[PDB]
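We've got the same protein chain twice here, in two forms, each standing alone as structure tokens: structure 1 and structure 2.
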Structure 1
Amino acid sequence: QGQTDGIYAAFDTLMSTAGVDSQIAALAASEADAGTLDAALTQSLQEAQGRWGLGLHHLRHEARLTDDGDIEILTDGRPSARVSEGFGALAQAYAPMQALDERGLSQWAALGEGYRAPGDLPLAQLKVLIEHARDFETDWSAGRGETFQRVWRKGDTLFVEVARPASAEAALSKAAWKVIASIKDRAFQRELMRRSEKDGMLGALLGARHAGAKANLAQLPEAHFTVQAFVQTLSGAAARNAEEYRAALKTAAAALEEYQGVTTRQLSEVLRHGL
């Protein structure tokens, strides 16, 4: 038996947690050769990995269509999960692959086994690496505004990663907190904050019905995946220029804040529409 096409909307919804607009349901109606879909699915998955912050830059990520219309997610050519299995299935397939420190930062090297420079490396020395080394990679270091950052290079491309780890459940809940906190009507704010004692911060925002809220509480991809990182890349000459590097670092930090605000804005709109 062959499955359905809700699979494509589900994948789009998964991608949206990473800040990626994949438009796979639309491409699916274009009736383009599977090759086109496999290419689009894989491209989107790779962007998503850049932002989820699981720390799997060393793995080969790909997604393909299957004989029964399913979407298969693979790492290093090994199947990890199918979208039809649910979002928790995928995040749980990924979890054993991670190596995290007590801050939630990946301890895997983007370039793989080898030497990594220390995170506290002064800019004066990092500039020498950028200008005159070939491949190199640094460890995490503290950044501005409670972020963490690292840089590495592979071949022609320089990668600047800025991260602020958060569990999906806590990012989601904190987003609901921000929606409630930024209310001007003290009475309405108080009513919502009291409702959350029994319904939860998110359920208090009244997504829909009682069971409908459950449908929007435990199976949501936002409860399994969230934006923890942003990766900004430079190529060619730009990849060996310290000024371009600094600019990319500022860009990555700014983009990180923007993408970590999506859940708050979305829940804010939900509350607006619920009134």
Structure 2
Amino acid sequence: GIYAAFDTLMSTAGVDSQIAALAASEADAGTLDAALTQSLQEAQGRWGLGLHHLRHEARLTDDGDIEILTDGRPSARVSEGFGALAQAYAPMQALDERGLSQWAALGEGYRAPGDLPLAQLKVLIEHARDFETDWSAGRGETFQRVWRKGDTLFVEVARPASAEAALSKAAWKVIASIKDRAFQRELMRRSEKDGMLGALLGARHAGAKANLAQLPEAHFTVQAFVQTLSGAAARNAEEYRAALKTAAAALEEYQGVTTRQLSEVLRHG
């Protein structure tokens, strides 16, 4: 129950946590807590909530729950449901009008501007220590930023999307595959007033949202991808450019995968 719920939450970020399997294999509390924390941190890299500056942890509780914490303080328990977790994260976020986090990944300190010319950024990569840039536009509606902490360089590529927008996209993917042109016309007609999701479920927009409130996809979706480099590669400009391409490609891949999976779930409604 709880473990399967955590696994489904992780799948919205493209993370295969296999917590249910681990628990089914008689793994101990330390092992489960470590796998939970690692999976949560990876998911935080994908959800695009903008909480890189916080320490994310997950652990088993006495009464059989999974507690999710940020900076050592309890945020929510899996038993409360996915919406409760999203609401717990909400007041910690600071998103701009484009849906990009305004928080720095390194926290308090100087941050390079988003429009920093690529040559100057190459100077930072080769010869600085810790550094961070703000968001800049990237190829094809994406945004990107980069920061280095210690020995690790982080390249983040994002394409913001609300969970509702992703749900609407998956529902439209289901509607577009309907071969019966008459039924598809009816779905188009319902979509005019109620939108994609309500049309697919034959209800008003809010009624469809209420029917889907139980899915983690109703509150979390893939918005970004973080590619890392370490050692000498963390100081190499060409390795950074390659990491940027890898990050963009992985972002497109994960968004496509999670959208297709969500569409396959929707079809049964």
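For clarity, a rigid core is taken as the largest C-alpha set superposing within 1.5 Å between two forms. Here, residue number means position along structure 1's sequence, counting from 1.
Once the two forms are fitted on their rigid core, between structures 1 and 2 the CA displacement reaches 2 Å or more only for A215 among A238, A39, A247, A215.
A movement of the C-alpha atom of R195 reaching 2 angstroms or beyond is seen between structures 1 and 2 when the two forms are aligned on their rigid core. Relative to the superposed core, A133 undergoes a Cα shift smaller than 2 Å between structures 1 and 2.
Relative to the superposed core, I183 undergoes a Cα shift of 2 Å or more between structures 1 and 2. Here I24 exhibits a Cα shift of 0.2 Å between structures 1 and 2, evaluated on the superposed rigid core. When the core is overlaid, the C-alpha of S268 ends up 4.8 Å from its other position between structures 1 and 2.
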